[PDB]
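K.L.:
what follows is a protein structure lacking sequence information:
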Ligand SMILES: Cc1cc2nc3c(=O)[nH]c(=O)nc-3n(C[C@H](O)[C@H](O)[C@H](O)COP(=O)(O)O)c2cc1C
Ligand SMILES: CC(C)CCC[C@@H](C)[C@H]1CC[C@H]2[C@@H]3CC=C4C[C@@H](O)CC[C@]4(C)[C@H]3CC[C@]12C
C-alpha cells in the first residue's frame, strides 16, 4: 500500500526538462525506426537476400517501446495520471517487454557474431534462417511472458510483498529476477564483444621467432640485423640464442619462425654446438605447417657454403613446415651485407590488423550499453537491496530518459552501418 503521488517527484522545471528531452528524443526515435521499418519492407520487396531479422526486431522494439514509454512517462510525470494497479501494470508490462525484447535482440546479435568468431567453420550449420526465425519469435514471447507476470500475479499488492520505490505495484523478487535475466544477457553481450577485441588484438600484430647459433657472433649480428627490419616493420620479435631453448612447443603461436645457424664444418658439415640439441629434438618442436625461413653465416673458402641452412631446411620441409623463402647465406662479415640482410628480411616479410570502425563500434556499443544500462540497473539494485532517498528517484527519473537515448542511438549504430540498408534508402529516389 504505497501512495501513487509518492512516486511523483516533480518540479515544474524538472517537469519541463523531462517533457523536452522525452518529446524530442521520443519523436526523434519514432521517426528513425519508422523510417528503418519502411526501408526494410521496401527492401523486402526488392531483395530477399538480407535477413534483416535482427535490425527489424530492434527497430520494432524501439518504436513500440519509445511510443508507449514517452507517452506514459509524460502522462505519469507531467500530467500526474493515477491508474489502477492492473491498468498500470498493463502499461508497465508493455514498455518492459519492448525494452527487454530490444536487449534480447542485442543478445541474439551477440550470439550471432560470437559464434562467427568462435566457430567460423560451424557458423553456417548453427545459425540458419529458420533457427533465427524461431529464436526471435521465442525471444519475443518470453519477453512478453515475463513482463505480463506482474499483471497476472507476482506483484506487490497481490501478495503480501515488499514493494519497489521506483516502480509501483512491483515485487522486488520479480525485479531481481527481471534484473537477473537482463543482466545475464547484458554481461554476455559485454563478455562476447570484449572477447572479440581481445581475440582480434592477438592477430593484428604478427609474432616472429628467431633462433641462432653464432659462436663468433655473426649469425647473431645477422639475426640482430634480421630482427630490426621485422621489428621496424611491426613484427613482435623473440630472438633467442640456440644455447638456451626449450624443445617442446618451441614454435607454438608464431606466425613466422626464422631459424638461423652458423656452419662449422671442419671435415664434414657441422652446425653450431648450441644449435645441435634443438636440431635433434625438432619433432618436439611444433615443426608443422609453420611458416618458416632460414638464414646463416659461412665462408666461401669452404666446400659447403652454409651447409647448415641446407640441413635445417631439409628437416623443415620433411615435417611440412612451409618455407616461404630460401635461406639467407652470408660469408665473412654481414656488416658489409646489411643491404642483402634487410633485403631478404623485407622479402620474407613480403611473401606471405582489424577493422577499427567495427572494433570501435564494439567499444562504442559497450560504452553505450555501460552508459545506458549501467546506472539504470544500478538504481534498480539499490531499490532491491535496501531503499533509496528522494534524490535517487529524481536521478532515476533522469536515468529513465537514459535508456530512451539508447533507443535513439541504436538505429544510428546498426541500421546506419548496414551497407544494404543504405542501398535500399537510396533506391527510394528516382533514377
Ligand atoms: C672449423 C671451421 C669450420 C667451418 N666450416 C664451415 C662450413 O662448412 N661452411 C661455411 O660456409 N663456413 C664454415 N666456416 C666459416 C664460418 O661459418 C664463418 O666464420 C661464420 O661467419 C661464423 O658464423 P658465426 O659468427 O655466426 O658463428 C667454418 C669455420 C671454422 C673455423
Ligand atoms: C510488446 C507487447 C505489448 C505487444 C507485442 C505483440 C507484437 C507487437 C509482437 C509479438 C511477436 C513479435 C514478433 C516476433 C518475431 C519477430 C521476428 C523478428 O525478426 C522481427 C520482429 C518480429 C516480427 C516481432 C514483431 C513484434 C511482435 C509481432
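P.N.:
Noted; the coordinates are in hand. Numbering: from 1, shown residues only. Ligands and ions are numbered 1, 2, ... in the order given.
K.L.:
contacts for stretch 254-261, please.
P.N.:
Taking C-beta atoms under 8 Å, 6 or more residues apart in numbering as the criterion, the residues outside stretch 254-261 that touch it are 206-214, 219, 222-223, 226, 230, 235, 238, 242, 251, 271-272, 275, 279, 290-296, 308-309, 312, 316, 321, 324, 328, 348, 352. Yep, even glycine has a C-beta here, placed from its N, CA and C like the rest.
K.L.:
so which bits of it are buried?
P.N.:
Applying a neighbour-count criterion of 16 or more other C-beta atoms under 10 Å, the buried positions in stretch 254-261 are 254, 256, 257, 258, 259, 260, 261.
K.L.:
cool, and stretch 63-80?
P.N.:
Within stretch 63-80, the residues that count as buried by 16+ other C-beta under 10 Å are 63-70, 72-74, 76-78.
K.L.:
can you name the residues that contact residue 326?
P.N.:
Residues counted as contacts of residue 326 (C-beta under 8 Å, 6+ apart) are residue 294.
K.L.:
one more: residue 188?
P.N.:
107, 110, 111.
K.L.:
make a ChimeraX selection of the buried ones in those.
P.N.:
Here is the ChimeraX command that selects the buried residues among the contacts of residue 188 (16+ other C-beta under 10 Å):
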select :107,110,111
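K.L.:
for the contacts of residue 188, which one is nearest ligand 2?
P.N.:
Within the contacts of residue 188, proximity to ligand 2 (C-beta to the nearest ligand atom) peaks at residue 107, which comes in at 13.3 Å.
K.L.:
name the nearest residue to the closest one, ignoring sequence neighbours.
P.N.:
Of all residues not flanking residue 107 in the chain, residue 185 sits nearest, at 3.8 Å (C-beta to C-beta, 6 or more residues apart in numbering).
K.L.:
helix, strand, or coil at the one you found?
P.N.:
Taken by DSSP: H, G, I helix; E, B strand; the rest coil, the conformation at residue 185 corresponds to helix.
K.L.:
ligand 2 versus that one, what's the distance?
P.N.:
For residue 185, the distance to ligand 2 equals 17 Å [C-beta to the nearest ligand atom, to the nearest Å].
K.L.:
my guess is residue 375 meets residue 398, correct?
P.N.:
No. Taking contact to mean C-beta atoms under 8 Å, the distance of 9.4 Å between residue 375 and residue 398 leaves them out of contact.
K.L.:
okay, these two: which has more neighbours?
P.N.:
Each of residue 375 and residue 398 had its neighbours counted (other C-beta atoms under 10 Å), and the higher figure belongs to residue 375 (16 against 13).
K.L.:
what about the more buried one, which helix or strand?
P.N.:
When secondary structure is defined by DSSP states H and E, residue 375 falls within helix 356-384.
K.L.:
if we look at the helix or strand just after that helix, which residues are touching it?
P.N.:
Following the chain from helix 356-384 toward its C-terminal end, the next helix or strand by DSSP H and E is helix 390-410. Contacting residues not belonging to helix 390-410 are listed as 7, 9, 14, 18, 21-22, 25-26, 28-29, 32-33, 58, 62, 65-66, 69-70, 73, 77, 99, 102, 165-166, 368-369, 371-373, 375-376, 379, 382, 388 [C-beta under 8 Å, 6+ apart].
K.L.:
and helix 390-410, does that touch ligand 2?
P.N.:
No. In this structure, helix 390-410 remains apart from ligand 2 according to C-beta under 6 Å from any ligand atom; the gap is never smaller than 13.9 Å.
K.L.:
okay, buried residues for stretch 378-390 please.
P.N.:
By neighbour count, and taking 16+ other C-beta under 10 Å as the criterion, the buried residues in stretch 378-390 are 379, 380, 382, 383.
K.L.:
typed the wrong thing, it's stretch 153-161
P.N.:
Counting neighbours by 16+ other C-beta under 10 Å, one finds that the buried residues in stretch 153-161 are 155, 156, 157, 158, 161.
K.L.:
tell me the buried residues in stretch 352-365?
P.N.:
Judged by neighbour count (16+ other C-beta under 10 Å), stretch 352-365 contains these buried residues: 359, 361, 362, 365.
K.L.:
do the same with stretch 386-406
P.N.:
Buried residues in stretch 386-406, counted by 16+ other C-beta under 10 Å: 392-393, 395-397, 399-406.
K.L.:
got it, and stretch 10-27?
P.N.:
The neighbour-count check on stretch 10-27 (16+ other C-beta under 10 Å) flags 10, 15, 18, 19, 21, 22, 25, 26 as buried.
K.L.:
can you pick out the most distant pair from these?
P.N.:
Checked with C-beta to C-beta, these reach their widest spread between 10 and 25, with 19.1 Å between them.
K.L.:
from residue 107, how far off is residue 365?
P.N.:
Separation of residue 365 from residue 107 (C-beta to C-beta, to the nearest Å): 13 Å.
K.L.:
correction: the previous question concerned residue 363.
P.N.:
Summarising the geometry, the distance separating residue 363 from residue 107, computed by C-beta to C-beta, is 19 Å.
K.L.:
returning to that earlier point: any chance of CSV for the buried residues of stretch 153-161, columns secondary structure and distance to ligand 2?
P.N.:
Compiled in CSV, the buried residues of stretch 153-161 are given as follows (DSSP: H, G, I helix; E, B strand; the rest coil; distance: C-beta to the nearest ligand atom, whole Å):
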residue, secondary structure, distance to ligand 2
155, coil, 17
156, coil, 21
157, coil, 21
158, coil, 21
161, coil, 24
